[PDB]
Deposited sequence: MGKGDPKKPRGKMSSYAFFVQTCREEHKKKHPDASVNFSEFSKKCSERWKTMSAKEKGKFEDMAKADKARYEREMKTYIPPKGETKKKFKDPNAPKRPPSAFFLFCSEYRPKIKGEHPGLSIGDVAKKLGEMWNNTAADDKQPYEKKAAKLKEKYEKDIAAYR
């Protein structure tokens, strides 16, 4: 974004308010009122010259039951938590290293007919 003079004014006022009142949560509709009254010829010149530096910044800016692997990894999830992308990497490595997957595939074989029907 590119920031007008009034906008720089409002930002600096928000910075002042935060440093004066740290534990304080500002309301927006009242803050725009008080900032607009403060803006409504010498004070504003600082913000006026700041805005052209921000314009230069703009120029710079332009430049189905699950797989047997799924049945196995769901259960092994708690042990890895005790030990997502990282969890799945570990799950896949240990599943690859493992008659081991015959029971999970029998459960999936029971579930395949149920998906079909």
Sequence ranges absent from the coordinates, based on the deposited chain and numbered from 1:
1-10, 51-53, 77-96, 117-121, 137-138, 158-163
